[PDB]
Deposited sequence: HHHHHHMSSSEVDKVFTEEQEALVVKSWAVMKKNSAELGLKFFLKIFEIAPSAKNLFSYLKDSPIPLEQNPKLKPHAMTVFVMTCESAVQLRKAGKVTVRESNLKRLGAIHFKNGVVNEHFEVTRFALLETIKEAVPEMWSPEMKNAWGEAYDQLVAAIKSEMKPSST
């Protein structure tokens, strides 16, 4: 069960981090690709002009993970579940399914997300901060995974 304290940690830290979301997004994908460079191959549009990490579609993907994870924290506290629109969740499940996104990709992304947050707000970092973000993310991913089918 996701708590008031956890929601607060995610909501506030995101309000802080959102202020520098241009470098946050690059640091996020840099960390994903540092851990698992072959994850690049999942993105069709990455082949793109060098350095390929500049690809303009990477920023909004990174930001979407951040925004929807914070949103999940709020929903988890309020409704006790992730409440993404059924039609959006279907589109998310299908596109991640057909592009061969697997558990290890979601997991590398979680680890990269938490390292990115630690790097971005060292002064707010704590084990409860890590778990708050991590648990919100896990629930978002579980909802996407429920629609990952043909």
*Where does the model skip over parts of the deposited sequence?*
1-14, 62, 166-168
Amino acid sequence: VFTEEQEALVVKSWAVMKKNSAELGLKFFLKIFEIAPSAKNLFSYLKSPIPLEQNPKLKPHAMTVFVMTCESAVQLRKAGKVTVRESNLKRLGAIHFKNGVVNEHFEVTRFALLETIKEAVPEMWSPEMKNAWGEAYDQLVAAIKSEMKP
From here on, numbers count along this sequence of modelled residues.
*Mean C-alpha B-factor comparison - 77-85 and 56-64, higher one*: 77-85
*Higher average CA B factor in the deposited record is what I'm after, so tell me if that's 89-97 or 108-116.*
89-97
*Among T69, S48, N103, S38, where is the Cα temperature factor highest, going by the PDB entry?*
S48
*Should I32 be placed in the lowest, middle or highest third of its chain by the C-alpha B factor in the entry?*
lowest
*By its CA B factor, does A15 count among the lowest, middle or highest third of the modelled residues in the chain?*
middle
*Would you mind ranking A132 by its C-alpha B-factor against the rest of the chain and naming the third, lowest, middle or highest?*
middle
